[PDB]
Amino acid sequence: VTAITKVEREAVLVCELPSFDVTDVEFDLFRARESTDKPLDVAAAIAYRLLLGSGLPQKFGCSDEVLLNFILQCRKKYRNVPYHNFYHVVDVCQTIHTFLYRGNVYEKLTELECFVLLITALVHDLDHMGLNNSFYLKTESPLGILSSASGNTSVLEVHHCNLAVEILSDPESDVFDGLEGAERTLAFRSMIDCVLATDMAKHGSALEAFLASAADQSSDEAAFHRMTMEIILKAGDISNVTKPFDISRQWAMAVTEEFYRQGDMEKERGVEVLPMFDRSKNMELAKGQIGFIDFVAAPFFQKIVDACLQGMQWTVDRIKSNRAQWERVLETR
């Protein structure tokens, strides 16, 4: 890995981000991206501002320079795909910030764990190529073969953890360098756990485990803290439908184009192409989003809020209003 230059940091530090409140739940990363000639710099500056404002890097001996090196080292490893690019992970970081601080989830965690969540958001999709786990397995890809051979089917999640560990192995980009002993161990293990938990094939079991812990006043503390962390990263990962409508719709366009490119590649290779990934179905954006709301996101946010995370009620409220808005698109078509 090649060291971040000073000129690279200066480009990020130059961004003043006037008019944006990065801590707000109605913050608009799309508008932030439009605001400038250099969206990648603005994106990094948002991540930088969020991390510094939390008070957290300073507390764990992570300097301003090392924090920004880390951010830029993550940015180098994201690709130019429609959805799983650096804007997605900056969005997950910003959203998790809002769940911790606007939603009061910080109350259930330590500050180390809060620090870890904010950083894990930035590593959690490192080097995503716009193709899901199933594509690698269906096509018998080298990457997919290695996963089957070694017994872990979370193809990309394990990949992301491996690049995260690389960035953190140089002191100049290790935001956990100020830690040692059991704490540094916890930072790496909880980071890795969280990323492994974002495999959507494990979505149901992760939810059931969190919910079961949350209902049990004699749950192991460490286990509950860990499951909370995993759940908050998962929440950020599927939080598109909890933003105001046009923000939420822009994410949906981005993921739709990304899925389509996968399906075009699957067609070429002669493997199974699902409906959601097929250009020829031209499936309505409103039906896709409502199906995702009804089958994935509304039950998830509702269950985790009722169980435990009451301050996150606004996410349930907004899913409801976005669902009603998509129903209006149908009604008037």
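For clarity, a rigid core is taken as the largest C-alpha set superposing within 1.5 Å between two forms. We number the residues from 1 along the sequence you see.
Positional deviation of Cα atoms in 9 other deposited structures of this protein after core superposition, greater for 66-74 or 282-290:
Comparing 66-74 with 282-290, the one that moves more in 9 other deposited structures of this protein is 282-290.
When the C-alpha temperature factors are averaged for each of 124-132 and 110-118, which stretch ends up with the higher value in the entry?
Per the deposited B-factors, the answer is 124-132.
Mean temperature factor over C-alpha atoms, higher-scoring stretch between 183-191 and 199-207:
It is 199-207.
Member of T242, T256, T139, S213 with the greatest C-alpha B factor (per the PDB record)
The C-alpha B-factor peaks, among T242, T256, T139, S213, at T139.
What third of the chain does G236 rank in for C-alpha temperature factor, lowest, middle or highest?
It falls in the bottom third of the chain.
Select lowest, middle or highest to describe the third in which the CA B-factor of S19 falls within its chain in this entry.
It belongs to the highest third of the chain when residues are ordered by C-alpha B-factor.
Determine, from the deposited record, the chain-internal third of the Cα B-factor for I290: lowest, middle or highest.
Its C-alpha B-factor, which the entry lists for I290, ranks in the lowest third among residues of this chain.
Consider only the C-alpha atoms of the modelled residues in this chain, order them by B-factor as the entry records it, and name the third containing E166: lowest, middle or highest.
It falls in the middle third of the chain.
Within this chain's modelled residues, let me know which third the CA B factor of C74 belongs to: lowest, middle or highest.
Middle third of the chain for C74's C-alpha B-factor.
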